[PDB]
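A.B. asks: Sharing upload.pdb below, PDB, C-alpha atoms and all ligand atoms:
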ATOM      1  CA  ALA A   1     -38.691 -62.265 -18.181
ATOM      2  CA  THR A   2     -39.046 -65.599 -20.055
ATOM      3  CA  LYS A   3     -36.073 -67.975 -20.519
ATOM      4  CA  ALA A   4     -35.307 -71.051 -22.601
ATOM      5  CA  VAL A   5     -32.327 -73.318 -23.237
ATOM      6  CA  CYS A   6     -31.190 -75.863 -25.789
ATOM      7  CA  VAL A   7     -28.470 -78.529 -25.651
ATOM      8  CA  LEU A   8     -27.150 -79.323 -29.146
ATOM      9  CA  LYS A   9     -25.742 -82.773 -29.802
ATOM     10  CA  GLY A  10     -24.304 -84.388 -32.876
ATOM     11  CA  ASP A  11     -21.489 -86.602 -34.130
ATOM     12  CA  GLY A  12     -17.954 -85.151 -33.730
ATOM     13  CA  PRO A  13     -18.762 -84.545 -30.980
ATOM     14  CA  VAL A  14     -20.567 -81.372 -31.964
ATOM     15  CA  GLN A  15     -21.735 -79.949 -28.652
ATOM     16  CA  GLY A  16     -23.569 -76.757 -27.976
ATOM     17  CA  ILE A  17     -25.438 -74.894 -25.273
ATOM     18  CA  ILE A  18     -27.699 -72.039 -26.307
ATOM     19  CA  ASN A  19     -29.630 -69.785 -23.965
ATOM     20  CA  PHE A  20     -32.677 -67.637 -24.839
ATOM     21  CA  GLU A  21     -34.040 -64.651 -22.848
ATOM     22  CA  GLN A  22     -37.099 -62.452 -23.550
ATOM     23  CA  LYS A  23     -37.705 -59.666 -21.013
ATOM     24  CA  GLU A  24     -41.176 -58.956 -22.306
ATOM     25  CA  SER A  25     -43.494 -60.948 -24.570
ATOM     26  CA  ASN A  26     -43.707 -58.168 -27.172
ATOM     27  CA  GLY A  27     -39.911 -57.744 -27.117
ATOM     28  CA  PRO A  28     -36.811 -59.257 -28.695
ATOM     29  CA  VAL A  29     -35.161 -62.552 -27.767
ATOM     30  CA  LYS A  30     -31.446 -62.566 -26.953
ATOM     31  CA  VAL A  31     -29.780 -65.800 -27.936
ATOM     32  CA  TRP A  32     -26.335 -66.664 -26.611
ATOM     33  CA  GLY A  33     -23.946 -69.513 -25.992
ATOM     34  CA  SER A  34     -21.326 -71.715 -27.554
ATOM     35  CA  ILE A  35     -20.935 -74.530 -30.057
ATOM     36  CA  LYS A  36     -17.793 -76.635 -30.362
ATOM     37  CA  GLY A  37     -16.607 -79.391 -32.709
ATOM     38  CA  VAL A  38     -17.506 -77.835 -36.071
ATOM     39  CA  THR A  39     -15.346 -76.813 -38.975
ATOM     40  CA  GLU A  40     -13.999 -73.206 -39.251
ATOM     41  CA  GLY A  41     -16.440 -71.011 -41.074
ATOM     42  CA  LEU A  42     -20.185 -70.419 -41.414
ATOM     43  CA  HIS A  43     -22.834 -72.891 -40.294
ATOM     44  CA  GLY A  44     -26.559 -72.293 -40.838
ATOM     45  CA  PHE A  45     -28.519 -71.910 -37.595
ATOM     46  CA  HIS A  46     -32.265 -72.349 -37.500
ATOM     47  CA  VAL A  47     -35.353 -73.225 -35.525
ATOM     48  CA  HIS A  48     -37.058 -76.223 -37.176
ATOM     49  CA  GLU A  49     -40.775 -76.883 -36.910
ATOM     50  CA  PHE A  50     -40.963 -80.011 -34.743
ATOM     51  CA  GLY A  51     -39.281 -80.842 -31.427
ATOM     52  CA  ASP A  52     -39.088 -84.433 -32.645
ATOM     53  CA  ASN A  53     -35.772 -86.141 -32.490
ATOM     54  CA  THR A  54     -37.143 -89.706 -32.678
ATOM     55  CA  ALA A  55     -34.863 -90.690 -35.508
ATOM     56  CA  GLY A  56     -32.292 -87.835 -35.097
ATOM     57  CA  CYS A  57     -32.315 -84.278 -36.349
ATOM     58  CA  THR A  58     -34.126 -85.286 -39.580
ATOM     59  CA  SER A  59     -37.264 -85.819 -37.499
ATOM     60  CA  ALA A  60     -37.462 -82.088 -36.810
ATOM     61  CA  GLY A  61     -38.776 -81.334 -40.266
ATOM     62  CA  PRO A  62     -38.480 -78.072 -42.173
ATOM     63  CA  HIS A  63     -37.677 -74.566 -40.902
ATOM     64  CA  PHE A  64     -40.277 -73.237 -38.502
ATOM     65  CA  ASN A  65     -42.469 -71.139 -40.861
ATOM     66  CA  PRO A  66     -45.858 -70.326 -39.198
ATOM     67  CA  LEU A  67     -46.451 -67.366 -41.636
ATOM     68  CA  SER A  68     -45.764 -69.336 -44.855
ATOM     69  CA  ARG A  69     -42.926 -67.128 -46.111
ATOM     70  CA  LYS A  70     -39.781 -67.875 -48.111
ATOM     71  CA  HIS A  71     -36.367 -68.464 -46.498
ATOM     72  CA  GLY A  72     -34.102 -65.485 -45.721
ATOM     73  CA  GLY A  73     -31.656 -64.044 -43.277
ATOM     74  CA  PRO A  74     -32.603 -62.756 -39.869
ATOM     75  CA  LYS A  75     -32.485 -59.086 -41.068
ATOM     76  CA  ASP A  76     -34.856 -59.801 -43.959
ATOM     77  CA  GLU A  77     -38.632 -59.119 -43.902
ATOM     78  CA  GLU A  78     -39.132 -62.157 -46.087
ATOM     79  CA  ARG A  79     -37.851 -64.958 -43.835
ATOM     80  CA  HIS A  80     -39.102 -67.942 -41.927
ATOM     81  CA  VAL A  81     -39.625 -67.288 -38.182
ATOM     82  CA  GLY A  82     -36.904 -69.897 -37.556
ATOM     83  CA  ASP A  83     -34.357 -68.156 -39.739
ATOM     84  CA  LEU A  84     -31.466 -67.189 -37.431
ATOM     85  CA  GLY A  85     -28.659 -66.922 -40.025
ATOM     86  CA  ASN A  86     -25.258 -68.443 -39.446
ATOM     87  CA  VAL A  87     -22.967 -68.953 -36.522
ATOM     88  CA  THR A  88     -19.242 -68.649 -37.329
ATOM     89  CA  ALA A  89     -16.611 -71.095 -35.991
ATOM     90  CA  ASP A  90     -12.926 -70.271 -35.413
ATOM     91  CA  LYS A  91      -9.944 -72.494 -36.271
ATOM     92  CA  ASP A  92     -10.441 -74.259 -32.911
ATOM     93  CA  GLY A  93     -13.929 -75.169 -34.190
ATOM     94  CA  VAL A  94     -15.692 -73.013 -31.621
ATOM     95  CA  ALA A  95     -18.620 -70.742 -32.488
ATOM     96  CA  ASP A  96     -19.532 -68.171 -29.916
ATOM     97  CA  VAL A  97     -23.164 -67.168 -30.422
ATOM     98  CA  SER A  98     -24.487 -63.753 -29.636
ATOM     99  CA  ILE A  99     -27.751 -62.863 -31.451
ATOM    100  CA  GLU A 100     -30.777 -60.634 -30.758
ATOM    101  CA  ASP A 101     -33.947 -61.500 -32.713
ATOM    102  CA  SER A 102     -37.257 -59.659 -32.926
ATOM    103  CA  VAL A 103     -39.200 -62.379 -34.864
ATOM    104  CA  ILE A 104     -38.759 -65.527 -32.771
ATOM    105  CA  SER A 105     -40.561 -65.484 -29.424
ATOM    106  CA  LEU A 106     -40.813 -67.454 -26.234
ATOM    107  CA  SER A 107     -44.617 -67.113 -26.080
ATOM    108  CA  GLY A 108     -47.522 -66.833 -28.553
ATOM    109  CA  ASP A 109     -47.826 -67.832 -32.205
ATOM    110  CA  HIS A 110     -44.100 -67.442 -32.978
ATOM    111  CA  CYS A 111     -43.108 -69.400 -29.909
ATOM    112  CA  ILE A 112     -40.080 -71.636 -30.414
ATOM    113  CA  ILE A 113     -40.319 -73.584 -27.159
ATOM    114  CA  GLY A 114     -40.783 -77.310 -27.893
ATOM    115  CA  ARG A 115     -39.233 -76.929 -31.367
ATOM    116  CA  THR A 116     -35.711 -77.967 -32.553
ATOM    117  CA  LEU A 117     -32.597 -75.784 -32.880
ATOM    118  CA  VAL A 118     -30.281 -77.078 -35.632
ATOM    119  CA  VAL A 119     -26.689 -76.230 -36.586
ATOM    120  CA  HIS A 120     -25.884 -77.153 -40.226
ATOM    121  CA  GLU A 121     -22.937 -78.565 -42.209
ATOM    122  CA  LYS A 122     -22.569 -75.534 -44.438
ATOM    123  CA  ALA A 123     -23.225 -71.851 -44.697
ATOM    124  CA  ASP A 124     -26.771 -70.480 -45.007
ATOM    125  CA  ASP A 125     -26.873 -68.276 -48.141
ATOM    126  CA  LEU A 126     -29.695 -66.247 -46.562
ATOM    127  CA  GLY A 127     -31.951 -66.847 -49.548
ATOM    128  CA  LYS A 128     -29.582 -64.977 -51.897
ATOM    129  CA  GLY A 129     -28.192 -68.068 -53.622
ATOM    130  CA  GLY A 130     -30.179 -67.910 -56.847
ATOM    131  CA  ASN A 131     -31.620 -71.407 -56.758
ATOM    132  CA  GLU A 132     -34.965 -72.786 -55.581
ATOM    133  CA  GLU A 133     -33.305 -74.435 -52.652
ATOM    134  CA  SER A 134     -31.912 -71.103 -51.458
ATOM    135  CA  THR A 135     -35.495 -69.883 -50.882
ATOM    136  CA  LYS A 136     -36.320 -73.064 -48.770
ATOM    137  CA  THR A 137     -33.225 -74.116 -46.825
ATOM    138  CA  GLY A 138     -30.503 -71.545 -47.734
ATOM    139  CA  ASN A 139     -28.423 -74.418 -49.048
ATOM    140  CA  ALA A 140     -27.087 -75.112 -45.560
ATOM    141  CA  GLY A 141     -26.705 -78.916 -46.048
ATOM    142  CA  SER A 142     -26.874 -81.642 -43.483
ATOM    143  CA  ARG A 143     -27.717 -81.334 -39.827
ATOM    144  CA  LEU A 144     -24.646 -81.473 -37.663
ATOM    145  CA  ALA A 145     -26.328 -81.207 -34.250
ATOM    146  CA  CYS A 146     -29.663 -80.353 -32.715
ATOM    147  CA  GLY A 147     -31.759 -80.272 -29.583
ATOM    148  CA  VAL A 148     -35.266 -79.423 -28.396
ATOM    149  CA  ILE A 149     -35.758 -75.918 -26.986
ATOM    150  CA  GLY A 150     -37.007 -76.095 -23.415
ATOM    151  CA  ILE A 151     -38.296 -73.753 -20.739
ATOM    152  CA  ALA A 152     -35.527 -72.591 -18.386
ATOM    153  CA  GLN A 153     -35.448 -71.287 -14.829
TER     154      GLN A 153
ATOM    155  CA  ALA B   1     -55.443 -82.731 -32.661
ATOM    156  CA  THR B   2     -52.245 -81.862 -30.706
ATOM    157  CA  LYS B   3     -49.171 -84.162 -30.640
ATOM    158  CA  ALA B   4     -45.891 -84.242 -28.711
ATOM    159  CA  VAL B   5     -42.932 -86.552 -28.370
ATOM    160  CA  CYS B   6     -40.015 -87.175 -26.069
ATOM    161  CA  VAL B   7     -36.764 -89.102 -26.615
ATOM    162  CA  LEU B   8     -35.400 -90.346 -23.254
ATOM    163  CA  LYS B   9     -31.614 -90.804 -22.799
ATOM    164  CA  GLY B  10     -29.200 -90.790 -19.868
ATOM    165  CA  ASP B  11     -25.611 -91.477 -18.817
ATOM    166  CA  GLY B  12     -26.247 -95.266 -18.728
ATOM    167  CA  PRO B  13     -28.154 -97.737 -20.921
ATOM    168  CA  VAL B  14     -31.670 -96.322 -20.431
ATOM    169  CA  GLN B  15     -33.438 -95.308 -23.651
ATOM    170  CA  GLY B  16     -37.037 -94.520 -24.451
ATOM    171  CA  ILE B  17     -39.499 -92.955 -26.852
ATOM    172  CA  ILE B  18     -42.769 -91.518 -25.574
ATOM    173  CA  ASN B  19     -45.607 -90.120 -27.614
ATOM    174  CA  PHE B  20     -48.402 -87.780 -26.471
ATOM    175  CA  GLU B  21     -51.717 -87.085 -28.185
ATOM    176  CA  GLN B  22     -54.573 -84.787 -27.163
ATOM    177  CA  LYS B  23     -57.617 -84.676 -29.451
ATOM    178  CA  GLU B  24     -59.344 -81.761 -27.711
ATOM    179  CA  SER B  25     -58.406 -78.599 -25.886
ATOM    180  CA  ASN B  26     -58.622 -79.536 -22.210
ATOM    181  CA  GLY B  27     -59.393 -83.198 -23.109
ATOM    182  CA  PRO B  28     -57.260 -86.176 -21.935
ATOM    183  CA  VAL B  29     -53.762 -86.748 -23.160
ATOM    184  CA  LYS B  30     -52.860 -90.271 -24.240
ATOM    185  CA  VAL B  31     -49.215 -91.172 -23.473
ATOM    186  CA  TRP B  32     -47.651 -94.238 -25.048
ATOM    187  CA  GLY B  33     -44.348 -95.719 -25.956
ATOM    188  CA  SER B  34     -41.478 -97.872 -24.689
ATOM    189  CA  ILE B  35     -38.461 -97.693 -22.354
ATOM    190  CA  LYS B  36     -35.589-100.201 -22.303
ATOM    191  CA  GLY B  37     -32.496-100.845 -20.190
ATOM    192  CA  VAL B  38     -34.097-100.495 -16.776
ATOM    193  CA  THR B  39     -34.346-102.992 -13.955
ATOM    194  CA  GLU B  40     -37.472-105.150 -13.511
ATOM    195  CA  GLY B  41     -40.169-103.446 -11.495
ATOM    196  CA  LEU B  42     -41.571 -99.982 -10.970
ATOM    197  CA  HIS B  43     -39.847 -96.767 -12.098
ATOM    198  CA  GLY B  44     -41.219 -93.341 -11.255
ATOM    199  CA  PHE B  45     -42.316 -91.335 -14.292
ATOM    200  CA  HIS B  46     -42.868 -87.606 -14.132
ATOM    201  CA  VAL B  47     -42.836 -84.293 -15.952
ATOM    202  CA  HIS B  48     -40.291 -81.996 -14.356
ATOM    203  CA  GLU B  49     -40.524 -78.234 -14.469
ATOM    204  CA  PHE B  50     -37.737 -77.202 -16.784
ATOM    205  CA  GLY B  51     -36.767 -78.407 -20.311
ATOM    206  CA  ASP B  52     -33.178 -77.876 -19.223
ATOM    207  CA  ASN B  53     -30.617 -80.589 -19.870
ATOM    208  CA  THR B  54     -27.539 -78.337 -19.549
ATOM    209  CA  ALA B  55     -25.852 -80.611 -17.030
ATOM    210  CA  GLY B  56     -28.093 -83.683 -17.638
ATOM    211  CA  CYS B  57     -31.397 -84.651 -16.020
ATOM    212  CA  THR B  58     -30.626 -82.869 -12.759
ATOM    213  CA  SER B  59     -31.006 -79.519 -14.594
ATOM    214  CA  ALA B  60     -34.737 -80.211 -15.071
ATOM    215  CA  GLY B  61     -35.482 -79.298 -11.502
ATOM    216  CA  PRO B  62     -38.432 -80.432  -9.428
ATOM    217  CA  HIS B  63     -41.731 -82.007 -10.511
ATOM    218  CA  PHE B  64     -43.888 -79.695 -12.640
ATOM    219  CA  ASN B  65     -46.202 -78.235  -9.967
ATOM    220  CA  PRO B  66     -47.869 -75.035 -11.196
ATOM    221  CA  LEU B  67     -50.727 -75.400  -8.671
ATOM    222  CA  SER B  68     -48.436 -75.828  -5.614
ATOM    223  CA  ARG B  69     -49.770 -79.235  -4.468
ATOM    224  CA  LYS B  70     -48.162 -82.130  -2.733
ATOM    225  CA  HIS B  71     -46.810 -85.131  -4.625
ATOM    226  CA  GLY B  72     -49.242 -87.918  -5.464
ATOM    227  CA  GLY B  73     -50.346 -90.518  -7.980
ATOM    228  CA  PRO B  74     -52.050 -89.732 -11.262
ATOM    229  CA  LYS B  75     -55.427 -90.906  -9.904
ATOM    230  CA  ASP B  76     -55.146 -88.556  -6.880
ATOM    231  CA  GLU B  77     -56.713 -85.052  -6.590
ATOM    232  CA  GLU B  78     -53.662 -84.043  -4.548
ATOM    233  CA  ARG B  79     -50.865 -84.403  -7.107
ATOM    234  CA  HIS B  80     -48.357 -82.364  -9.024
ATOM    235  CA  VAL B  81     -49.458 -81.733 -12.652
ATOM    236  CA  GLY B  82     -46.320 -83.730 -13.594
ATOM    237  CA  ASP B  83     -47.206 -86.789 -11.554
ATOM    238  CA  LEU B  84     -47.649 -89.679 -13.983
ATOM    239  CA  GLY B  85     -46.986 -92.489 -11.556
ATOM    240  CA  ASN B  86     -44.780 -95.422 -12.465
ATOM    241  CA  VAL B  87     -43.912 -97.445 -15.532
ATOM    242  CA  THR B  88     -43.324-101.126 -14.925
ATOM    243  CA  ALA B  89     -40.447-103.066 -16.543
ATOM    244  CA  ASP B  90     -40.357-106.796 -17.131
ATOM    245  CA  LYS B  91     -37.443-109.225 -16.671
ATOM    246  CA  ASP B  92     -36.309-108.015 -20.157
ATOM    247  CA  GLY B  93     -35.892-104.536 -18.658
ATOM    248  CA  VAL B  94     -38.552-103.215 -21.056
ATOM    249  CA  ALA B  95     -41.433-101.002 -19.918
ATOM    250  CA  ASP B  96     -44.356-100.590 -22.228
ATOM    251  CA  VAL B  97     -46.141 -97.316 -21.498
ATOM    252  CA  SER B  98     -49.823 -96.843 -22.087
ATOM    253  CA  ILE B  99     -51.248 -94.007 -19.920
ATOM    254  CA  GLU B 100     -54.214 -91.629 -20.293
ATOM    255  CA  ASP B 101     -54.130 -88.497 -18.138
ATOM    256  CA  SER B 102     -56.584 -85.596 -17.673
ATOM    257  CA  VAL B 103     -54.381 -83.223 -15.660
ATOM    258  CA  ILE B 104     -51.412 -82.752 -18.056
ATOM    259  CA  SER B 105     -52.139 -80.873 -21.260
ATOM    260  CA  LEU B 106     -50.461 -80.030 -24.537
ATOM    261  CA  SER B 107     -51.781 -76.392 -24.415
ATOM    262  CA  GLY B 108     -52.612 -73.771 -21.727
ATOM    263  CA  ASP B 109     -51.176 -73.312 -18.187
ATOM    264  CA  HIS B 110     -50.885 -77.098 -17.606
ATOM    265  CA  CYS B 111     -48.912 -77.436 -20.812
ATOM    266  CA  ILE B 112     -45.956 -79.825 -20.656
ATOM    267  CA  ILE B 113     -44.419 -78.912 -24.014
ATOM    268  CA  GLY B 114     -40.848 -77.662 -23.448
ATOM    269  CA  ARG B 115     -40.599 -79.429 -20.055
ATOM    270  CA  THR B 116     -38.697 -82.618 -19.216
ATOM    271  CA  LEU B 117     -39.985 -86.195 -18.916
ATOM    272  CA  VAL B 118     -37.910 -88.262 -16.455
ATOM    273  CA  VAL B 119     -37.805 -91.990 -15.730
ATOM    274  CA  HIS B 120     -36.421 -92.792 -12.216
ATOM    275  CA  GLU B 121     -34.167 -95.365 -10.448
ATOM    276  CA  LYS B 122     -36.825 -96.677  -8.090
ATOM    277  CA  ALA B 123     -40.539 -96.930  -7.562
ATOM    278  CA  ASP B 124     -42.732 -93.815  -6.927
ATOM    279  CA  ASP B 125     -44.740 -94.470  -3.696
ATOM    280  CA  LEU B 126     -47.417 -92.064  -4.976
ATOM    281  CA  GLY B 127     -47.098 -89.968  -1.851
ATOM    282  CA  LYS B 128     -48.314 -92.900   0.375
ATOM    283  CA  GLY B 129     -44.851 -93.545   1.769
ATOM    284  CA  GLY B 130     -45.428 -91.710   5.070
ATOM    285  CA  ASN B 131     -42.193 -89.745   5.108
ATOM    286  CA  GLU B 132     -41.718 -86.121   4.120
ATOM    287  CA  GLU B 133     -39.974 -86.884   0.862
ATOM    288  CA  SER B 134     -42.883 -89.102  -0.157
ATOM    289  CA  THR B 135     -45.047 -85.945  -0.429
ATOM    290  CA  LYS B 136     -42.329 -84.248  -2.552
ATOM    291  CA  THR B 137     -40.672 -86.841  -4.848
ATOM    292  CA  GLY B 138     -42.427 -90.158  -4.079
ATOM    293  CA  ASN B 139     -39.010 -91.556  -3.079
ATOM    294  CA  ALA B 140     -38.250 -92.472  -6.690
ATOM    295  CA  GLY B 141     -34.505 -91.712  -6.429
ATOM    296  CA  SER B 142     -32.081 -90.826  -9.164
ATOM    297  CA  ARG B 143     -32.894 -89.866 -12.716
ATOM    298  CA  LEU B 144     -32.011 -92.674 -15.113
ATOM    299  CA  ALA B 145     -33.050 -90.995 -18.400
ATOM    300  CA  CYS B 146     -34.842 -87.892 -19.549
ATOM    301  CA  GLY B 147     -35.712 -85.743 -22.542
ATOM    302  CA  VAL B 148     -37.396 -82.470 -23.427
ATOM    303  CA  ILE B 149     -41.020 -82.781 -24.594
ATOM    304  CA  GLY B 150     -41.326 -81.471 -28.159
ATOM    305  CA  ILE B 151     -44.147 -80.589 -30.508
ATOM    306  CA  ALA B 152     -44.746 -83.381 -33.022
ATOM    307  CA  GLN B 153     -46.221 -83.600 -36.487
TER     308      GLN B 153
HETATM  309  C1  LIG C   1     -26.613 -56.372 -25.621
HETATM  310  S1  LIG C   1     -25.864 -57.890 -25.142
HETATM  311  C2  LIG C   1     -25.482 -58.737 -26.621
HETATM  312  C3  LIG C   1     -26.825 -59.293 -27.048
HETATM  313  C4  LIG C   1     -26.572 -60.476 -27.944
HETATM  314  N1  LIG C   1     -27.281 -60.242 -29.190
HETATM  315  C5  LIG C   1     -27.044 -61.670 -27.167
HETATM  316  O1  LIG C   1     -27.047 -62.790 -27.690
HETATM  317  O2  LIG C   1     -27.415 -61.495 -25.987
HETATM  318  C1  LIG C   2     -58.075 -96.573 -25.416
HETATM  319  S1  LIG C   2     -56.374 -96.654 -25.833
HETATM  320  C2  LIG C   2     -55.484 -96.937 -24.331
HETATM  321  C3  LIG C   2     -55.234 -95.575 -23.665
HETATM  322  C4  LIG C   2     -53.760 -95.492 -23.309
HETATM  323  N1  LIG C   2     -53.668 -94.862 -22.005
HETATM  324  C5  LIG C   2     -52.916 -94.765 -24.344
HETATM  325  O1  LIG C   2     -51.851 -94.246 -23.989
HETATM  326  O2  LIG C   2     -53.264 -94.716 -25.544
HETATM  327 CU    CU C   3     -31.932 -75.508 -40.170
HETATM  328 ZN    ZN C   4     -35.598 -70.813 -43.438
HETATM  329 ZN    ZN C   5     -38.895 -87.149 -10.658
HETATM  330 ZN    ZN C   6     -44.668 -85.134  -7.991
END
Before anything else, please render the file you have as structure tokens.
C.D. replies:
Amino acid sequence: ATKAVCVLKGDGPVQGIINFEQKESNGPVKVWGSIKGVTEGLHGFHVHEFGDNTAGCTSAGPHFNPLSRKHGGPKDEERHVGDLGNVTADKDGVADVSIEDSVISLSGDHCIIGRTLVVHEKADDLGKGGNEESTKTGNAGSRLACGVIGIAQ
Amino acid sequence: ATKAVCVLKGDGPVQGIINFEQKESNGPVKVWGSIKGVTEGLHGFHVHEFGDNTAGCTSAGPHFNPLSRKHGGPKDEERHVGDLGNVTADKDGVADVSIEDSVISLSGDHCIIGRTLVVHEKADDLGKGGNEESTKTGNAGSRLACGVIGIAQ
């Protein structure tokens, strides 16, 4: 069993804690936790390529895309490795996150450790938005909060 | 040509940016950057095991010690992989960091990506302090600032 963790921080405050667990290196990653301080509704949720927060979340770069694919949703074959969909916030501005993903990993070439988890301003259209930007970013807008994914006990 | 980065922050005024570069698999890692808001003098400087900031720097756990050694200085055979010695701050409270180390790596089983870099309250005695804690923590005291080490562009 392999474990990772990420503390999300952004202005608001937007605060999040997200845990990752992978029982076996050829198996799925469960992702769970909570994010508070965001508006009710959908917020895009992705792994970005670099664990660089030197000048904020912008420093993380584009979606983690080791296989050079187009943007999609997590259930799509055509997706970036970092494409984890949306999290959904309630009227209290709390998003409870419960995901299982078979494409991210905590070891090997799809490893997300040392990269940045980002929660976005707007909904991710899952690449179904019918513009060029949909197939790159999902039209999810600015970066509300982020943190580097680290190895956990 | 492998690169990593770490943004150091804490509860108080301590802030830092530290860059890592490793030209060759199993070659030396160059570590450089700056830390401000610390007191004049020595501050212990180590990679801790976990990239976990859930409840701040304490969540990072002990020094990164995959080979089960005693605490030492970076120029010692007997050291933790995470043992990078001290940084030294001037009367300005600024520490300029310029380190080269052959024991840490940015790939493989000595890899520090996804782990935490910590700058301490006090000086690290490099395990020459002659008490038991010297051979464990170097007597460097509390954690003033820390960050998860991320993959950089
Ligand atoms: C079977 S437990 C629910 C799994 C959920 N996908 C998670 O984040 O862990
Ligand atoms: C030859 S350059 C000086 C090495 C120094 N240790 C560094 O971090 O780059
Ligand atoms: Cu994103
Ligand atoms: Zn994407
Ligand atoms: Zn320490
Ligand atoms: Zn040590």
A.B. asks: If you count all atoms listed in the file, which residues fall within 9 Å of stretch 120-130 of chain B, apart from same-chain ones fewer than 4 positions away, as an MDAnalysis selection string?
C.D. replies: chainID B and resid 38:39 41:46 70:74 76 79 83 85:88 134:146
A.B. asks: When you draw a straight line from atom CA of residue B:47 to atom CA of residue A:9, how long is it in Å?
C.D. replies: 22.1 Å
A.B. asks: For the atom pair atom CA of residue B:117 and atom CA of residue A:31, what is the interatomic distance in Å to one decimal place?
C.D. replies: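 Atom CA of residue A:31 lies at a distance of 24.5 Å from atom CA of residue B:117.
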A.B. asks: Compare A:113, A:119, A:106, A:35 by their minimum atom-to-atom distance to chain B, counting all atoms listed in the file, and give me the closest one.
C.D. replies: A:113
A.B. asks: Between atom CA of residue B:19 and atom CA of residue A:56, what distance in Å does the model show, to one decimal?
C.D. replies: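 These two atoms are separated by 15.4 Å.
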A.B. asks: Distance limit 10 Å, atoms considered: only C-alpha atoms. Which chain A residues sit that close to chain B? Return them as a ChimeraX atom specification.
C.D. replies: /A:4-8,16-19,49-56,59-61,112-116,147-153
A.B. asks: Take the residues just selected and output them with C-alpha atoms as a PDB file, in the coordinates of the input.
C.D. replies:
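Wrote it out as selection.pdb, contents follow:
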ATOM      1  CA  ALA A   4     -35.307 -71.051 -22.601  1.00  0.00           C
ATOM      2  CA  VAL A   5     -32.327 -73.318 -23.237  1.00  0.00           C
ATOM      3  CA  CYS A   6     -31.190 -75.863 -25.789  1.00  0.00           C
ATOM      4  CA  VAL A   7     -28.470 -78.529 -25.651  1.00  0.00           C
ATOM      5  CA  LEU A   8     -27.150 -79.323 -29.146  1.00  0.00           C
ATOM      6  CA  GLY A  16     -23.569 -76.757 -27.976  1.00  0.00           C
ATOM      7  CA  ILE A  17     -25.438 -74.894 -25.273  1.00  0.00           C
ATOM      8  CA  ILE A  18     -27.699 -72.039 -26.307  1.00  0.00           C
ATOM      9  CA  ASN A  19     -29.630 -69.785 -23.965  1.00  0.00           C
ATOM     10  CA  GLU A  49     -40.775 -76.883 -36.910  1.00  0.00           C
ATOM     11  CA  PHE A  50     -40.963 -80.011 -34.743  1.00  0.00           C
ATOM     12  CA  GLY A  51     -39.281 -80.842 -31.427  1.00  0.00           C
ATOM     13  CA  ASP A  52     -39.088 -84.433 -32.645  1.00  0.00           C
ATOM     14  CA  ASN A  53     -35.772 -86.141 -32.490  1.00  0.00           C
ATOM     15  CA  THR A  54     -37.143 -89.706 -32.678  1.00  0.00           C
ATOM     16  CA  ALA A  55     -34.863 -90.690 -35.508  1.00  0.00           C
ATOM     17  CA  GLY A  56     -32.292 -87.835 -35.097  1.00  0.00           C
ATOM     18  CA  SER A  59     -37.264 -85.819 -37.499  1.00  0.00           C
ATOM     19  CA  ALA A  60     -37.462 -82.088 -36.810  1.00  0.00           C
ATOM     20  CA  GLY A  61     -38.776 -81.334 -40.266  1.00  0.00           C
ATOM     21  CA  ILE A 112     -40.080 -71.636 -30.414  1.00  0.00           C
ATOM     22  CA  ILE A 113     -40.319 -73.584 -27.159  1.00  0.00           C
ATOM     23  CA  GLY A 114     -40.783 -77.310 -27.893  1.00  0.00           C
ATOM     24  CA  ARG A 115     -39.233 -76.929 -31.367  1.00  0.00           C
ATOM     25  CA  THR A 116     -35.711 -77.967 -32.553  1.00  0.00           C
ATOM     26  CA  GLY A 147     -31.759 -80.272 -29.583  1.00  0.00           C
ATOM     27  CA  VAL A 148     -35.266 -79.423 -28.396  1.00  0.00           C
ATOM     28  CA  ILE A 149     -35.758 -75.918 -26.986  1.00  0.00           C
ATOM     29  CA  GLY A 150     -37.007 -76.095 -23.415  1.00  0.00           C
ATOM     30  CA  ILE A 151     -38.296 -73.753 -20.739  1.00  0.00           C
ATOM     31  CA  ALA A 152     -35.527 -72.591 -18.386  1.00  0.00           C
ATOM     32  CA  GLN A 153     -35.448 -71.287 -14.829  1.00  0.00           C
TER      33      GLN A 153
END
A.B. asks: Taking all atoms of ligand LIG 2 (chain C) that the file lists, what box with edges along x, y and z, padded by 5 Å per side, do you get, with centre and edge lengths in Å to one decimal, as AutoDock Vina command-line options?
C.D. replies:
--center_x -55.0 --center_y -95.6 --center_z -23.9 --size_x 16.2 --size_y 12.7 --size_z 13.8
A.B. asks: Could you list, with a cut-off of 8 Å and counting only C-alpha atoms and all ligand atoms, the residues of chain B near ligand LIG 2 (chain C), each shown with its nearest atom pair and the distance in Å rounded to one decimal, rows sorted by chain and ascending number, as a Markdown table?
C.D. replies:
| residue | atom | partner | partner_atom | distance |
| --- | --- | --- | --- | --- |
| B:20 | CA | C:LIG2 | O1 | 7.7 |
| B:29 | CA | C:LIG2 | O1 | 7.8 |
| B:30 | CA | C:LIG2 | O1 | 4.1 |
| B:31 | CA | C:LIG2 | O1 | 4.1 |
| B:32 | CA | C:LIG2 | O1 | 4.3 |
| B:33 | CA | C:LIG2 | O1 | 7.9 |
| B:97 | CA | C:LIG2 | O1 | 6.9 |
| B:98 | CA | C:LIG2 | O1 | 3.8 |
| B:99 | CA | C:LIG2 | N1 | 3.3 |
| B:100 | CA | C:LIG2 | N1 | 3.7 |
| B:101 | CA | C:LIG2 | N1 | 7.5 |
A.B. asks: Write out as a list in words which residues come within 12 Å of residue A:25 when counting all atoms listed in the file, dropping same-chain ones fewer than 5 positions away.
C.D. replies: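 The contact residues come out as residues 1, 2, 3, 102, 103, 104, 105, 106, 107, 108, 109, 110 and 111 of chain A.
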